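I have placed the structure first, in the form of structure tokens, so that the comments after it can refer back to it.
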Amino acid sequence: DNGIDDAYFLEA
Amino acid sequence: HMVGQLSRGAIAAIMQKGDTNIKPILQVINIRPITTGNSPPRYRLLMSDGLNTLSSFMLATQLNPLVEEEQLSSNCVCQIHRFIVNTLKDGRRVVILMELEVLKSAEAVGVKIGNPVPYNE
Numbered sequence: 174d175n176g177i178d179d180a181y182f183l184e185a
Numbered sequence: 002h003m004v005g006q007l008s009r010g011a012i013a014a015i016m017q018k019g020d021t022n023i024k025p026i027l028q029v030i031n032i033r034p035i036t037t038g039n040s041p042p043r044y045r046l047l048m049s050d051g052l053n054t055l056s057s058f059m060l061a062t063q064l065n066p067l068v069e070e071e072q073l074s075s076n077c078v079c080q081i082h083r084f085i086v087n088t089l090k091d092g093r094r095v096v097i098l099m100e101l102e103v104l105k106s107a108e109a110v111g112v113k114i115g116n117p118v119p120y121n122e
């Protein structure tokens, strides 16, 4: 579980 | 036995089984805005179920007032009433909180409950 960056987080 | 107040194992059940019929009781460890752009701000949460923490929680925009009026803040204890899981292209999973009720304010809880460890996704 490498933490998800904000850049790819509202990716949906 | 403060950890008894939290749905220990809920995070693993969400991430491993895809279970979304549960209404788990979780503690907010941290909230921060995430870089958005010109649109409503989005809020990311580090949540704990007493056993694990998980940083991949996102708040639905319709719940933004709870953070901006400070009823949903670090240390508070809340029960999730509706949430969805979205899996990114790279395989990591996002838990979007749609409905939740703050059961106990951050001021009333006061501290991080137990010693949860980061979930291994």
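Protein sequence lines, in the order shown, are assigned to chains A and B. Just so we're aligned: 180 in the working numbering is position 7 of the first sequence, and the numbers increase by one with no gaps anywhere. Just so we're aligned: 19 in the working numbering is position 18 of the second sequence, and the numbers increase by one with no gaps anywhere. For every residue, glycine included, the Cβ atom is placed at its ideal position computed from N, Cα and C.
Note on geometry: alpha-carbon atoms of B:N121 and B:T37 lie some 27 angstroms from one another.
Among the residues of the region 54 to 81 of chain B, those with a Cβ less than 9 angstroms away from any Cβ of chain A are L55, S56, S57 and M59, in the order of the chain.
The beta carbon of B:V110 sits closer than 8 angstroms to those of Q28, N76, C77 and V78, all from its chain and outside the five residues before and after it, given in chain order.
Segment contact: the region 92 to 101 of chain B against the region 3 to 11 of chain B, fewer than three CB-CB distances shorter than 8 angstroms; contact not assigned.
B:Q6 carries a helical assignment under DSSP once its states are collapsed to helix, strand and coil. Residue pairing from DSSP leaves B:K90 without any beta-bridge partner. Pairwise C-beta distances place the region 15 to 26 of chain B out of contact with the region 60 to 71 of chain B, as fewer than three of them are shorter than 8 angstroms. In the structure shown, B:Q17 falls within a helical segment according to DSSP collapsed to helix, strand and coil. In the structure shown, B:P42 falls within a coil segment according to DSSP collapsed to helix, strand and coil.
Assignment of A:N175 by DSSP, reduced to helix, strand and coil, places it in the coil class.
Within the same chain, and ignoring the five residues on either side of B:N31 in sequence, the residues whose Cβ sits closer than 6 angstroms to its Cβ are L47 and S75. The beta carbon of B:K24 sits closer than 7 angstroms to the beta carbons of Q80, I81 and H82 from its chain, once the five residues preceding and following it are set aside; these are given in chain order.
At a cut-off of 7 angstroms between beta carbons, A:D174 contacts chain B.
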